[PDB]
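Trainee: got an experimental structure here, sequence first:
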There are 2 protein chains.
Amino acid sequence: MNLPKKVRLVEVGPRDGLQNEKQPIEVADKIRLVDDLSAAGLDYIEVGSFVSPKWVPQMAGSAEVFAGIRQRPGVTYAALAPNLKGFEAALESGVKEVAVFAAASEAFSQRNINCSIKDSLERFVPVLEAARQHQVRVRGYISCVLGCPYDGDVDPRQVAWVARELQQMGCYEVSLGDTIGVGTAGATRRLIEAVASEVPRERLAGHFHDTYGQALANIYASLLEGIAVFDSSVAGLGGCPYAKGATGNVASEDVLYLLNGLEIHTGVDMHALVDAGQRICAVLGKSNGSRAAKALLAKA
Amino acid sequence: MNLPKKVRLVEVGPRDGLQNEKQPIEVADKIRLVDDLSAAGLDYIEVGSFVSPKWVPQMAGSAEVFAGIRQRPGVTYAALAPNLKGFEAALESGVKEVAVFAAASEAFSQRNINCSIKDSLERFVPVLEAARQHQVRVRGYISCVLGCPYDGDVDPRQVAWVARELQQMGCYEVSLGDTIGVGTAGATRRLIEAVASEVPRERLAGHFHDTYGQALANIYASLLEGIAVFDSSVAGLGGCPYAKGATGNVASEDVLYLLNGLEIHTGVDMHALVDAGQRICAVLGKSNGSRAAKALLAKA
Ligand code: NA
Ligand code: NA
């Protein structure tokens, strides 16, 4: 304390949330989601993905979403670009920021995407090069930062290594992803300390799944270490494949509740945020995955 | 850090959890619950209540539960005793520890129990006197420690005052109850600091509702302040009247997950704890209210 005075909420609801929901939704409702999120005062929203809709029907129509949304000038509207043709499709949509991904666990790399950590990093060089040419900034995600669903323990120096590779490839920010939600507050702080030996805290974000109920305590522990960017999903959209669809991403309203309570500035309006989450859950619907949102809705 | 090396989990599932579930259950299943909890290695279980079953059918048969459970010698099996006749009934059942209650908010006191804070404290003097005569120890709960559902902000000095009254009346331990779940990590630490001016940390416990998703972060913040006793409900039994039955007590497995992750000793076995929670939720059932338990169950 020693806490940040200002924090960035990275809203991944429309991409990572919707992607991990079983029910695909209409382009008109995705547009409304993003527009509701922009109305909530968020300055970073992951709008969609240029993964092949063949594999992820939930992400179909991302281009139409980009064309339909009312884009506010101070807000970044990012998209996942998993390969070159995905990047090119994103370019065609006027996307100014994309995200790529890597894993801290070799075993997880082999299982999730059928190659090693290095193979996948090298696969992304072409897209870093093209993004660099078109001045599209690239965010780098790491999975398994606090443990692997196959291998168990993940050494934080291993995470530090991949974080370093990603920043040295041209990623402007590295998102540390506890992507099975197994991490606890102390290991989280040690992880930040190990990674900060290679990449400064100001290029670091925390991406904490709430599958084991640990996400907010992890965020608080992260705040204590000076991390000021956190990825969350509005109304807790949707789940985890390793825990039969139980809770995935931490819910944005839960995080905002913490941050408001700490009197930390985010620029995000709770009522509007909750309103956005409510509308999309009804479309789904899906009972709201945010405890804070439900409680606030019940209260009103 | 500066963390405790050892923490007490106060299991309130059978009383506070079951009480706040809509479905009353059979005495045979309550006995099995408590027995499963004793098998999990818990050394403190709130077994039942001697509130009038007229008002709380969920608590009917508490005496039969006490008579039926296999009581392990090193374990405290506590009961709620809301008045003198409740205490006497508890005495008749061989109860060695009871809990009384108070509120940090006058407005909440008037609404919840139709008298002031002082009126209710005085009402409890007779039961403190009788418990003192029979060497039954008394635990004191405080509600609204981090905010009141009617009044809003609760000054931590006000909580400190009631904590002091309770210890000076003969309560051996005071449980600080964020009983609407509105508290956040920073206000939690300031609360502990204010209360510790009047009553030492070693007579303090944290009773954090998870209604707003804040409970574990609050517990972590509490650990950082040296609090080493936390009240939780196995499999997150059951809810909150101020949030239309949404999450009440923090779930025990969630807390244990944190504590195991911090390598803090509790003596509690996760597999057995989860097993107890699973069995009771099926009886209810009720999908498990513990994220950690669900994730662990899915994994197995
Ligand atoms: Na994720
Ligand atoms: Na309670």
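Mentor: Cool, the structure landed. Residues are numbered from 1 along each chain as shown, chains lettered A, B, ... in the order given. Ligands and ions are numbered 1, 2, ... in the order given.
Trainee: which residues sit in contact with the residue in the stretch 51-200 of chain A that chain B sits nearest to?
Mentor: As assessed by CB to the nearest CB, chain B sits closest to residue A:184 within the stretch 51-200 of chain A, at 2.7 Å. Heads up, the C-betas are built off the backbone N, CA and C, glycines and all. With contact taken as CB atoms under 8 Å, 6 or more residues apart in numbering or on different chains, residue A:184 is in contact with A:146, A:214, A:217, A:218, B:257, B:258, B:260, B:261, B:262.
Trainee: inside helices: which ones of those?
Mentor: Under the assignment DSSP state H, the contacts of residue A:184 contribute A:217, A:218, B:257, B:258, B:260, B:261 to helices.
Trainee: can you name the two of the residues you listed that sit furthest apart?
Mentor: The most widely separated members of the ones in helices among the contacts of residue A:184, counting by CB to CB, are A:218 and B:260 (14.8 Å).
Trainee: neighbour-wise, which of these two wins?
Mentor: Neighbour totals were compared for residue A:218 and residue B:260, and residue A:218 leads with 33 against 15 (other CB atoms under 10 Å in any protein chain shown).
Trainee: from the contacts of residue A:184, pick the one nearest residue A:199.
Mentor: residue A:146 (16.7 Å).
Trainee: if we can go back for a sec, can I get the ones in helices among the contacts of residue A:184 in CSV with distance to residue A:270?
Mentor: What follows is those, written out as CSV (distance: CB to CB, whole Å):
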residue, distance to residue A:270
A:217, 21
A:218, 21
B:257, 28
B:258, 26
B:260, 33
B:261, 30
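Trainee: which neighbouring elements make contact with the host helix or strand of residue A:126?
Mentor: Using DSSP states H and E, residue A:126 sits within helix A:117-133. When contacts are defined as 3 or more CB pairs under 8 Å, 6 or more residues apart in numbering or on different chains; DSSP states H and E, helix A:117-133 packs onto helix A:84-92, strand A:97-103, helix A:106-113, strand A:137-143, helix A:156-168.
Trainee: for the stretch 51-200 of chain A, what lies in contact range of chain B?
Mentor: Within the stretch 51-200 of chain A, the positions near chain B by CB under 8 Å from any CB of the partner chain are A:181, A:183, A:184, A:185, A:186, A:187.
Trainee: at 7 Å what do you get?
Mentor: Contact residues (CB under 7 Å from any CB of the partner chain) of the stretch 51-200 of chain A with chain B: A:181, A:184, A:185, A:186, A:187.
Trainee: quickly name whichever of the ones in helices among the contacts of residue A:184 is closest to residue A:135.
Mentor: Distance to residue A:135 across these (CB to CB) is lowest for residue A:218, with 33.6 Å.
Trainee: which ones are touching the closest one?
Mentor: By CB atoms under 7 Å, 6 or more residues apart in numbering or on different chains, the contact set of residue A:218 is A:178, A:183, A:185, A:188, A:206, A:208.
Trainee: closest to residue B:42 out of these?
Mentor: Distances from residue B:42 to the contacts of residue A:218, taken by CB to CB, are shortest for residue A:185, at 22.6 Å.
Trainee: which residue packs closest to the closest one, ignoring adjacent ones?
Mentor: residue A:221 (3.9 Å; CB to CB, 6 or more residues apart in numbering or on different chains).
Trainee: ok, residue A:13 - contacts?
Mentor: A:33, A:37, A:233, A:234, A:237, A:252.
Trainee: redo that, cut-off 6 Å
Mentor: Each residue near residue A:13 by CB atoms under 6 Å, 6 or more residues apart in numbering or on different chains is listed here: A:233, A:234, A:237.
Trainee: in PyMOL, select just the buried ones from the contacts of residue A:218.
Mentor: To isolate the buried members of those in PyMOL, using 16 or more other CB atoms under 10 Å in any protein chain shown:
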select buried, chain A and resi 178+183+185+188+206+208
